[PDB]
Amino acid sequence: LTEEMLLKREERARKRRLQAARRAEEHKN
Amino acid sequence: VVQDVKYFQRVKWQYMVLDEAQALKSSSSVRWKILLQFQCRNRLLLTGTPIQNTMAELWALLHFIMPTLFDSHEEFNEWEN
Amino acid sequence: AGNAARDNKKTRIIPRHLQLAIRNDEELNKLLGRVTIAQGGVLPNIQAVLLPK
Amino acid sequence: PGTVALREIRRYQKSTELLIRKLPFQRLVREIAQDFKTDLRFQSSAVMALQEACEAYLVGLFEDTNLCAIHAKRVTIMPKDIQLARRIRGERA
Amino acid sequence: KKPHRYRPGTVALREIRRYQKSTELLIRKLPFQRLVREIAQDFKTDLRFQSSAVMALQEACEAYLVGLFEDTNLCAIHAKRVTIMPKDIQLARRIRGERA
Amino acid sequence: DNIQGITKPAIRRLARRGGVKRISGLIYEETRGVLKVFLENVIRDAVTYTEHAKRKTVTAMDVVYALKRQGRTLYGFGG
Amino acid sequence: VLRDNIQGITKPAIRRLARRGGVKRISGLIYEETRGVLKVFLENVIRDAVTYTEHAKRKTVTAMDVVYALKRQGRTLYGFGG
DNA sequence: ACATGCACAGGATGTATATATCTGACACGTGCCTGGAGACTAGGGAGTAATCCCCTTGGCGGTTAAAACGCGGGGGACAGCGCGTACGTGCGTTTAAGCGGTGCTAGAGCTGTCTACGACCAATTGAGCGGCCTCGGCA
DNA sequence: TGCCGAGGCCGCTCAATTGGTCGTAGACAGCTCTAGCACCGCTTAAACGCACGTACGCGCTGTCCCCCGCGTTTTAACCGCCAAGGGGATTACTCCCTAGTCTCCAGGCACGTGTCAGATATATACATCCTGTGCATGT
């Protein structure tokens, strides 16, 4: 039953850092 | 720094490095009044010509570097003599 | 409503411009007390006690 | 504190959009209706006409409550004020 | 009888228990019966009144004033007064949609 | 003079039927203003009905119709 | 499923409606009573719309059945038609 | 002893039978658009912790309306005039009604844009330094 | 009776909000119906609207007499106005979700045609009903 909650956890765990780091790489130039 | 004080306090910085530090010379400033009190282990002043003003402005840079023995302006006026 | 659109820098009437007209004019306002202009919002108003100082 | 609340008032009085989320309100309509009759259907526009009337009723309630609160000089609002607004406009007692 | 001169602001309650109970109209007939004509004649001169029409006006108007006063009582109590004061009427008359 | 025919003790009597404990000294004349504009708003509609009806005695029906239109209705005058 | 979906009225929406009504500070006592007051309004509008729908023998409520409820409640609406 | 309540006369009122048909309840075709759920997406919101500032509180204090009270004017109660209202009445002008004629105003289409809807950049107005200067000041 | 300190003035520095420009796409006017069903025609269809006339009865204008409006001084409760407290609403963060767009299924229901039966308006005679009226009567 927990797997449908876990797949939501892992995709948001990457999306969190991904958008922040993607904005960092666009910002610093 | 004067606007984001609590957000820069949110980290244990090892060094507060401070460029062109003649900007700290006024002990009256909200800058210097804050900048004495950030928690870091060590500091640097990188002055393009330090001091070169009245005694209170020597005191202001000195007390930011080290808090020791700088207890008053009149003892600092004692300390060619 | 067309004056409200002009003053809002527009020329297509939308429910907002009608609401602005109807609530600026006291005669339309008192004719139209029992009615809502759908998606027109409300007339912008700050109380004197809420304004600065 | 309290300066940005005035900027929120200006922003939401300049804008004209729905302040409640559509899907939660769409459920609320159906979830109430299901004991006035079994299994109501709703046309897509009907939930919006309901939501518009409800938000307009709530904005009018807060407007009348603002006059209640500022009459009592308090800038903050409580049920103490809304229970004048309903009782004096006429929906209760 | 027995409380007599008890606590100023309480022969007020002795008055409530008279006027709330009774059927009377609390404005004198004759002054009002002239005033309704003065209010009418600005829009059309030389009007008469049915002797029932002036009473229908008085009874609706005294009921309107009584309802306004009782709503104004809540306006005073909400502001933690037992004295009604002009701003109480202003609140009531705005919220009932009569002044805005 | 006619508007002062709403007597100072009549304001107190009406407010005492209205349940209020005490009256501020400024209430009276502005409350005559409220009674005046209410009377005026119903009487003008009643005259507006009476003029369409050709008559010029203001009838209990003319004022019942004004009060019915304005949602301040009364019963007992033959509605 | 069925639930008390009045808790679908999220607290920022109540704050925004209040801020559109120009009230500046909103005590914790307001929110759950205001949910009740909103629900009480919906109940009458829905009751009435359901009855306009019962004459038509429908299950399907339209924007008209609510506009007619709003007419009998004296809180009329322009834009949906009627 | 007054407002409400009693039975008769009058005259029309509600009624029962009738001719003629269109309103509307029904089965079926119709076939939309709503109900549904999932994938996909990230803007919005939930809950906690910080702390400023607001509404409540108890209070000082004044001054206000209620309270008690009397003077004199005017509200409340009948006769007398006359002017309006409710009908009586025939006139005649008003719209209703038959159902064609045929105009434009209708649903729904398709048209090409093209205002104004997002999204980005360059304005004008805000509190904190910096050095000068004088006034106020001590020894 | 020699020498400086604290504070005001005039000006820069840099960070918040605001008004204007560029473009792409939602939904406008502009057709262009086709299309059919609204809006306008002539008469005859009746009655309801309309004007004089005046019986008939309610509304103004003076009654005449006891009560209410008006005004003051008084008094204890209240409201004007305040300082100060500490409860609690605003505050930013990192946490999570479910709101919204969309793509598609697939189903239940709303709708329109065709039908017919049984319902009511109209029109009349049927037959019994409710009212204005005189003046009785009950609390």
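Residues numbered from 1 in each chain as written, not as in the entry; some residues may be left out. Chains lettered and ligands numbered in written order. Part of a larger assembly, values for the part shown. Heavy atoms only, no water.

As summarised from the PDB record, the model derives from cryo-EM at a stated resolution of 3.55 Å.

As recorded in the PDB entry, chain F goes by the name Histone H4, listed as coming from Homo sapiens. Under its PDB header, the title given for this structure is "CryoEM structure of the human INO80 core-nucleosome complex state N-7".

Under the PDB entry, chain E has the name Histone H3.1 and belongs to Homo sapiens.

1. As for the packing of aromatic side chains
Within this structure, the stated rule accounts for six aromatic pairs over all chains. Taking the centre distance of 6.1 Å and the plane angle of 65° together, the rings of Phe-70 of chain B and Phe-76 of chain B count as edge-to-face. The interplanar angle of 75° and the centroid separation of 5.9 Å between the aromatic rings of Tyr-49 of chain F and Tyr-65 of chain F together place this pair among those described as edge-to-face. Taken together, the residues span a long stretch of sequence, with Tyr-49 of chain F in helix α2 (residues 27-52) and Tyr-65 of chain F in helix α3 (residues 60-69) at a distance of 16 residues. The exposure class assigned to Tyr-49 of chain F is partly exposed, which follows from its relative accessible area of 32%. Residue classification places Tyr-65 of chain F among the partly exposed positions, given a relative accessible area of 39%. Chaining the aromatic ring pairs together yields one cluster made of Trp-59, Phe-70 and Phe-76 of chain B. Over the ring of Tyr-28 of chain F we find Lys-8 of chain F; its NZ or CZ atom is 5.6 Å from the centre of that ring. Of note, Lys-11 of chain G hangs over the ring of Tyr-31 of chain G, and the distance from its end group to the ring centre comes to 4.6 Å. (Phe/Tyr/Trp six-rings, centres within 6.5 Å; stacked < 30°, edge-to-face > 60°. Helix = DSSP H or I, 4+ residues; strand = E, 2+ residues; numbered from the N terminus. Buried < 20%, exposed > 50% of the residue type's maximum accessible area, 1.4 Å probe, protein only. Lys NZ or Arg CZ within 6 Å of the ring centre and 35° of its normal.)

2. Structural notes on the interface of chain C and chain G
In this complex, chain C contributes eight residues to the contact, which on the side of chain G involves 11 residues. Both sides together, the interface formed by chain C and chain G hides about 810 Å², and carbon and sulfur atoms give 56% of it. Its largest share of buried area at the contact with chain G, chain C owes to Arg-34, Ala-38 and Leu-50 of chain C, together 50% of the area lost on that side. On the surface where chain C and chain G come into contact, there are zero salt bridges. Here chain C and chain G share five residue pairs in polar contact between them. Looking at the side of chain C that touches chain G residue by residue, the classes come out as six nonpolar, one polar and one charged. As judged from the three bridges shared by strand β1 (residues 35-37) of chain C and strand β3 (residues 76-78) of chain G, these two strands associate in the parallel manner. Residue pairing across strands places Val-35 of chain C opposite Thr-76 of chain G, the latter belonging to β3 of chain G. (Contact = heavy atoms within 4.5 Å. Buried area = accessible area lost by both parts, 1.4 Å probe. Salt bridge = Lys/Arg side-chain N within 4 Å of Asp/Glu carboxyl O. Polar contact = N/O pair within 3.5 Å; in protein donor to acceptor, adjacent residues only side chain to side chain. Nonpolar A, V, L, I, M, F, W, Y, C, P; charged D, E, K, R; others polar. Pairing = 2+ DSSP bridges.)

3. Re the pattern of salt bridges
Inspection of the entire model under this criterion finds 31 salt bridges over all chains. Across the pair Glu-17 of chain D and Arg-20 of chain G runs a salt bridge, and its minimum N-O distance is 2.8 Å. Of this pair, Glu-17 of chain D sits in the loop between α1 (3-14) and α2 (22-33) while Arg-20 of chain G sits in helix α1 (residues 11-20), each in a different chain. Take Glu-17 of chain D: its relative accessible area is 36%, and that puts it in the partly exposed class. The salt bridge involving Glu-15 of chain E is made with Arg-16 of chain F; its shortest N-O contact spans 2.8 Å. Here the residue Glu-15 of chain E occupies a position in helix α1 (residues 11-19), and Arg-16 of chain F occupies one in helix α1 (residues 8-17), the pair thus bridging two chains. The burial state of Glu-15 of chain E is the same as that of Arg-16 of chain F; both residues are buried. Connected through shared salt-bridge partners, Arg-87 of chain D together with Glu-70, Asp-71, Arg-93, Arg-96 and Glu-98 of chain E make up one network.

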